[PDB]
4 protein chains.
Amino acid sequence: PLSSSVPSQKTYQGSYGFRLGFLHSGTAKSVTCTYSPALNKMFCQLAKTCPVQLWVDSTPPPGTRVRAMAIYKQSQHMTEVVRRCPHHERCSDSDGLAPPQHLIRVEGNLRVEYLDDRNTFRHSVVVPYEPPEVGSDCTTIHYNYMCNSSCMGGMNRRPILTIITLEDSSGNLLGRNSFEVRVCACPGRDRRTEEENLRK
Amino acid sequence: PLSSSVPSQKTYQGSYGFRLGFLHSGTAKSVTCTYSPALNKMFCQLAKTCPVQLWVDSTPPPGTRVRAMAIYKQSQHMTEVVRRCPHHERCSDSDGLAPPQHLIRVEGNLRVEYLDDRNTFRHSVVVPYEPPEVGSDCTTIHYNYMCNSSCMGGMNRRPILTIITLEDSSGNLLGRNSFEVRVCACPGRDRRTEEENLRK
Amino acid sequence: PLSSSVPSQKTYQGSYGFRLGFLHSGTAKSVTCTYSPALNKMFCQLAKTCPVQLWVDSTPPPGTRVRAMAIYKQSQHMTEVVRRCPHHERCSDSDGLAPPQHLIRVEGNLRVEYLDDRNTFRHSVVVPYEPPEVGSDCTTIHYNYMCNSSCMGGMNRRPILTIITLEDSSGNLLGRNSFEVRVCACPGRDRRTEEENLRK
Amino acid sequence: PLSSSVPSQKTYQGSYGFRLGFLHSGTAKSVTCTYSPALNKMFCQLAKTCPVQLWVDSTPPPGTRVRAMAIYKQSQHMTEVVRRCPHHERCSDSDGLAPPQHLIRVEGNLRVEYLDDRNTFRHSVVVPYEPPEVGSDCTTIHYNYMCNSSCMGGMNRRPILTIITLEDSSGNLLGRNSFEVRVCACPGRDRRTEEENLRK
DNA sequence: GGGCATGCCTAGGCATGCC
DNA sequence: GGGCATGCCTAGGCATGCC
Ligand SMILES: [Zn+2]
Ligand SMILES: [Zn+2]
Ligand SMILES: [Zn+2]
Ligand SMILES: [Zn+2]
């Protein structure tokens, strides 16, 4: 169905200098997850690990949370809630934690929460923010996308954005970043195709 | 789910000399329904008209009915009921007569009945047999197939057979014929490919 | 654990001329199921369809059943019950019909029964025998093998035989045949290797 | 299952100047335990003795303990508790002291304790710290690793770190060090392979 | 229709156990 | 200990949708 609103996608580093980082995976045909700096776009396979690094200039307070939400990138689809297709919704692949209709999961976090917003109807997945150890320089979260961009009755070949927000314990906004996502069978092939088309 | 049984597919012309016939459509691009005599296989597009001719040596009694049912061709899948995938099942394309989950519809017949067999769980579509119209030596029935062979969560790229039975009143068997079906985007392309592969 | 007995493996065509047949699949590196006439040995992948044909000279009575049981081929292992390994036993792959510890499953048959013999401790899977369609010449049963021959804590790289018995309603021996089985990742590779080694 | 937390792996020599040392074993393939300074990685065979030296600049107080814990090295697996596979868990190889599911054991110490943390669900093995024997400069602990890195349903080919912590009698941190571990059939072969690949 | 768009299968060859 | 035994991963390439 449709949402009454559209989540802001404006980059906002905020007080803590919140930025995203991504691994340097190349574009081998079927690399599981690869990020394009040129496009600010992640290309990844269904249900595979997608590492996203959280960078901050200073450490946010305890109780700070990290939320991920997908929206359609094209303005005419923006009000449509991004959700899994009827087939994948029904298949038996829930990890015991995630609701069957949620596109975005976090893997390997017992404290994960899945929200179905009563007012906006938007799905999101939230985990507590954890600083890195004083040595290490960033915190990595591992997302799984549970449909292909092409799934009929679902994203139906429409591009999406993932919006990552840093929130305090009440859910107030601390920072925001985003990136485009294509979930597909051949991330390396598809990334090189879209990068080539930039020259066209 | 699974059926307790598998419908017989044995050709049986019976007392009335029941045979099927098909149009001579070629193998072009744009072609919505084309039949391969070499493969005894119909290639057609989703929700497009598929004419099947009923030929008989003599006219069956009034009350005679014509039933169509799909089964998976591969033996290991035979017990699985052929049905629409979750996406097409949910989309809003019912013609007001056909249940949403039935793969096979008859178009242009007010006296069409759709059965969901309580014992076998098989879907089928039945119309009254009408002797041929003045000038024709055959009665034509127009079927529509409402999922592609490739629909995930549905036929999922498994070939099917359509079994056409000539039945009497009680439902007893007067005759039987069958043909393979591929529902696909490019029937002409795919027909020529499979015919070529016959030489391989 | 150990069984008190060892099932006979003697070929016995019996009154009905019971024989097995197998498809002509080649030795492509990772063909899913391929049979070696030279070795009387099936090579197949885990959980993949393995067609076995039942041939008879004349039709056994209604109520006749077909049973499959694995035993270790090497004499010193013969008394050890063939079962799934601890890992596969625990994984969530049951089809709703087969107990988790059974190596051998039948796919696509609602009337399948799984037995855990109270006296011998042997596992077996049984289905009703169904004659061929009026035209057809044999009956095909589709087995799945749910561990690799190499599974540690399970078959642990020991070869097995599958024993197929034709039985009456009561369990009385009507006929018996058998074949060796290797469940492996690359059936074609492994079949060619063992066939080559015959010359060594 | 998953842990709610991830143990810190930051090196911390602390007040007592806590360091690890390892023997100079070469890579004669057969070798049962060999350490790579280039990789800070131990390569060892299942259940074989793995000497780890504890070095300190000054002697920690009586009641000081030494704890070992494994975690997955890859960030996406970090929250998954490292444990033995289902096969090795079930086999009859307990030394009378170690629980069957613990990956890491200490050999030759009657005062060994095995902990299954109620809050984190992590396994660990702890012994009292003993200053070196007179004439020795370090204290050697002998660990055994009870699965191969490749065990299916266990580590499943994922690299692990062993974290060695010096803690006081309350469990408070006095010092910490770590090393990567590969448990495998051919330590010398595999060490040379990974060292060679450093140049690639 | 002719060109893509885009998922699925599999042969090759690497990873890794075994005696 | 070198020679295999054997499962896993994925780039090549086809299957099949789309307009
Ligand atoms: Zn989907
Ligand atoms: Zn469909
Ligand atoms: Zn197994
Ligand atoms: Zn193990």
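Chain A is the first sequence line, chain B the second, and so forth, proteins listed ahead of strands; every chain is numbered from 1.
A side-chain donor from one of B:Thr162 and B:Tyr145 sits under 3.5 Å from a side-chain acceptor of the other. Between A:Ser36 and A:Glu195, the side chains place a donor N or O and an acceptor N or O closer than 3.5 Å (distance only, hydrogens not considered).
Residue pairs satisfying the side chain to side chain donor-acceptor pair (under 3.5 Å) criterion with at least one member in residues 23-34 of chain A, sequence neighbours excluded, are listed as follows: A:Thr34-A:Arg191. Sorted pairs that involve residues 146-157 of chain B and meet side chain to side chain donor-acceptor pair (under 3.5 Å), not counting sequence neighbours, are lacking altogether.
Mapping A:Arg157 and A:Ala28 onto DNA chain F by nearest heavy atom places A:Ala28 closer to the 5' end of the strand. Between B:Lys29 and A:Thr32, it is A:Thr32 whose nearest contact on DNA chain F lies nearer the 5' terminus. Nucleotides of DNA chain E nearest to A:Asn148 and C:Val31 differ in position, and the one nearer the 5' end is that of A:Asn148.
Taking a pair as Watson-Crick or G-U with both hydrogen-bonding distances under 3.5 Å, the stems of three or more pairs touching DNA chain F are E:2-19 with F:2-19.
Residues satisfying the salt bridge (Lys or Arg N to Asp or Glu O under 4.0 Å) criterion with A:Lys73, sequence neighbours excluded, are A:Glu180.
Within residues 182-200 of chain B, the residues approaching DNA chain F are B:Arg182, B:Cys184, B:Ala185, B:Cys186, B:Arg189, by heavy-atom distance under 4.0 Å.
Within 4.0 Å of B:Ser150, counting heavy atoms only, lie sugar-phosphate atoms of the nucleic acid but no base atom.
Closest approach of A:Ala185 to A:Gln45, counting heavy atoms only: O-NE2, 2.7 Å.
Under a 3.5 Å cut-off, the side chain of B:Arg84 and the backbone N or O of B:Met146 do form a donor-acceptor pair. Using a distance-only test at 3.5 Å, with no hydrogens or angles considered, no donor-acceptor pair links the side chain of C:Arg158 to the main chain of C:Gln74.
Here the range on DNA chain E touched by chain D, meaning any atom under 4.0 Å from one of its heavy atoms, is E:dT16 to E:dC18.
With contacts defined as side-chain heavy-atom distances shorter than 4.5 Å, the pair D:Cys85/D:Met152 does not qualify.
The distance between the ring centers of B:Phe179 and B:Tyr35 does not fall below 6.0 angstrom.
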